[PDB]
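Coordinate inspection notes
What follows is the residue order along each chain.
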Amino acid sequence: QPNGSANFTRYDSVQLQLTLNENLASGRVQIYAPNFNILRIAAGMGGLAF
Amino acid sequence: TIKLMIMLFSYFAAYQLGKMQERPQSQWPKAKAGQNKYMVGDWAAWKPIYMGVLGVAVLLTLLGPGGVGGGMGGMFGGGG
Amino acid sequence: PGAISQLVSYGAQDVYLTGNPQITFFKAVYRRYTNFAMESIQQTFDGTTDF
Amino acid sequence: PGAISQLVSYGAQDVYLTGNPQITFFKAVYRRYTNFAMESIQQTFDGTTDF
Amino acid sequence: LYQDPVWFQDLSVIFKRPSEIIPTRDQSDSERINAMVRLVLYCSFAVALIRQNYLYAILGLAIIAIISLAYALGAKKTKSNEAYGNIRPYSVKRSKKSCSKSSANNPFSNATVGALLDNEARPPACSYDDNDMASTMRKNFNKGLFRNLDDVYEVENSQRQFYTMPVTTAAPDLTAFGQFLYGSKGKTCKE
């Protein structure tokens, strides 16, 4: 059951600022963002709706 | 039959104590537990109504002085 | 800024989530229930309670 | 065979679970909710914040 | 906020939808006039049918016009039917509760300083959905303000921040609040 969402489709520009500790190795920050869509099925035909 | 017919209405006029009327305040909606009924609007369906609403909003904006700007410039006109 | 930015930047891809709302999460609803009370009552054994 | 056999071998004792049914577990339905968003906002202390 | 059922006056075509009411009881003044209209119409039409001279219906319509015109013109504006506090003694019959409708200077009827201006005693701004004042509120807010035409569920020009405050009168009406939390219970056990 949906309990709220951020519509990033209307966020013309988004940035995420990370203030890093002083003892980190060079490497990756992998950022994930689970989101919502609609599975759209009709008359035998599928596809995912935006 | 004048005296009688008027009295027939008079007798009935007295009697119907009470006043039936249309439901007041606000109408209400029931929510399925989430099985067995069709949503009010198809989820794919909901976005289109969004889109349908826009037709009206844009049409209003075809006359600048009558409302809110568009995506460029501006336009003039009037009625009669 | 804040929640306002999340609320105000309203698009199309959220119509099916918030248009014509059905549920307000902020309205607690509970149902009234049948009056009852519980008690622990000891029962006894008929016959020897042993191995 | 398999699930089909489990479906075909319909009896009497199972009517209480599937006869004249009300729900299908596999039809998701969700409610549209009032548009809301959450924000963490700092409040401050009136008076010293200490032991 | 106080709510009442729906009624209407003899204009339009209501005089047929809740038909077969003839004489007044526990009804609004508009409803009472409507009932008198029903009485006169049925009486005159029946009389015309009994004596086919085609003029008793004309006299019935004329007296309908007389009654409706009298009700329309002779209404006394000296009404202060405002409900608040513990007592509403002005009238006990059905009537429309007073509302402070939204205005150009005060789109949300928040009674910031309008109360001290002219009203002194300002009727509460009634519910958001009572008398289609939602459309009037939106129209008044969108007076002289331009939209970017990227929001057809307009939230971009900050509708949400603006709202009607819980109290719209000079006083919070604490008596009603207390009666809400603490019912009178009429005659109690200690009495």
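Residues numbered from 1 in each chain as written, not as in the entry; some residues may be left out. Chains lettered and ligands numbered in written order. Part of a larger assembly, values for the part shown. Heavy atoms only, no water. Residues with missing side-chain atoms left out of burial classes, pairs and counts.

From N to C terminus, chain C includes two helices and zero strands. Its C-alpha atoms give chain C a radius of gyration of 28 Å, clearly above 10 Å, the size a compact globule of 51 residues would have. With the C-alpha coordinates aligned to their principal axes, the bounding extent of chain C is approximately 75 × 30 × 20 Å. Evaluated residue by residue, chain C yields a buried proportion of 25% over its 51 residues. As displayed, chain C offers around 4,700 Å² of accessible surface, 53% of which is attributable to carbon and sulfur atoms. (Helix = DSSP H or I, 4+ residues; strand = E, 2+ residues; numbered from the N terminus. Rg over C-alpha atoms; globule rule 2.2 N^0.38 Å. Buried < 20%, exposed > 50% of the residue type's maximum accessible area, 1.4 Å probe, protein only. Areas by Shrake-Rupley, 256 points an atom, 1.4 Å probe, with all protein chains shown as cover.)

With 14 residues, the main nonpolar core has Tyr50(B), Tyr10(C), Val15(C) and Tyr16(C) as its most contacted residues. Breaking this core down by element, the ones donating at least two residues are α2 (43-60) of chain B together with α2 (15-18) of chain C. For this core, the element with the highest residue contribution is α2(C), accounting for three residues. With near-sequence residues (within four places) excluded, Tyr10(C) lies in contact with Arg10(A), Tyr50(B), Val15(C), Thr18(C), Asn35(D), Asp151(E), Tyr153(E) and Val155(E). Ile33(E), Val37(E), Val40(E) and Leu41(E) belong to the second largest nonpolar core, which has five residues in total. (Core = buried A, V, L, I, M, F, W, Y, C linked by side-chain atoms within 4.5 Å. Contact = heavy atoms within 4.5 Å.)

Tallied over the full model, the rule gives 12 aromatic pairs over all chains. Taking 4.7 Å as the distance between ring centres and 50° as the angle between the ring planes, the aromatic pair formed by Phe8(A) and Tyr11(A) counts as tilted. According to the relative accessible area criterion, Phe8(A) is exposed, its value standing at 53%. Judged by centre distance (6.1 Å) and plane angle (80°), the ring pair of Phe25(C) and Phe36(D) falls under edge-to-face. With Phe25(C) in the segment after α2 and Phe36(D) in the segment after α2 (15-18), the pair connects residues from two separate chains. Note on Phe25(C): relative accessible area 31%, which makes it partly exposed. The aromatic ring of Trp28(B) is capped on one face by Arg23(B), whose charged end is 5.4 Å from the ring centroid. Taking NZ or CZ as reference, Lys96(E) lies 5.9 Å from the ring centre of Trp7(E), over its face. (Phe/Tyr/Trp six-rings, centres within 6.5 Å; stacked < 30°, edge-to-face > 60°. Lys NZ or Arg CZ within 6 Å of the ring centre and 35° of its normal.)

For the coordinates displayed, the defined rule picks out two salt bridges over all chains. For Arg10(A), the salt bridge goes to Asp150(E), with nearest N and O atoms at 2.9 Å. A residue pair is termed interchain when its members come from two chains, as with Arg10(A) in the segment before β1 (38-39) and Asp150(E) in the loop between α4 (133-141) and α5 (174-181). The partly exposed category is assigned to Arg10(A), whose relative accessible area is 23%. Judged by relative accessible area, which is 31%, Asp150(E) ranks as partly exposed. (Salt bridge = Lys/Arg side-chain N within 4 Å of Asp/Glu carboxyl O.)

The next thing to look at is the UniProt feature "transmembrane region" in chain E. All names here are of chain E. Listed under "transmembrane region" in the UniProt record, and renumbered for this structure, are residues 29-50 and 55-75. Span residues 29-50 is 100% helix and 0% strand, its end C-alpha atoms 31 Å apart. Between the C-alpha atoms that bound residues 55-75 there is a distance of 30 Å. The span itself is 86% helix and 0% strand. (UniProt positions renumbered as here; feature names shortened; annotations may be inferred.)

Facing 28 residues of chain E, the contacting portion of chain B comprises 28 residues. Taking both partners together, chain E and chain B bury about 2,200 Å²; carbon and sulfur atoms supply 72% of that area. Taken together, the links from chain E to chain B amount to zero salt bridges. Applying the counting rule to chain E against chain B returns one residue pair in polar contact. Across the side of chain E that touches chain B, the residue classes tally to 16 nonpolar, three polar and nine charged. (Buried area = accessible area lost by both parts, 1.4 Å probe. Polar contact = N/O pair within 3.5 Å; in protein donor to acceptor, adjacent residues only side chain to side chain. Nonpolar A, V, L, I, M, F, W, Y, C, P; charged D, E, K, R; others polar.)

On to the state of the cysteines, then. Residue and element names in this part refer to chain E. The full count for this structure, using the stated rule, is one disulfide over all chains. Disulfide partner of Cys 99: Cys 126, at an S-S distance of 2.0 Å. On the S-S bond that ties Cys 99 to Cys 126, the torsion sits near 120°, and the link is right-handed. Of this pair, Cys 99 sits in the loop between α2 (56-73) and α3 (114-119) while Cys 126 sits in the loop between α3 and α4; the two residues are 27 residues apart in sequence, bridging distant segments of the chain. Classification of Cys 126 by relative accessible area gives buried; the value is 11%. (Disulfide = S-S within 2.5 Å.)

Another aspect to go through is the environment of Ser103(E). Counting through the fold element by element, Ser103(E) comes out in the loop between α2 and α3. The spatial distance from the C-alpha of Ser103(E) to the C-alpha of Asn140(E) is 7.4 Å, given a sequence separation of 37 residues.

Once that is clear, we can look at the interface of chain C and chain A. Bring the parts together and some accessible area is lost; that lost area is often taken as the interface size. Chain C puts 11 residues into the contact, and the matching count from chain A is 13 residues. Looking only at chain C, the three residues that lose the most surface to chain A are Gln6(C), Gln13(C) and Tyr16(C), adding up to 46% of its buried area. Seen at the junction of chain C and chain A, the total is zero salt bridges. At the boundary of chain C and chain A, one finds five residue pairs in polar contact.

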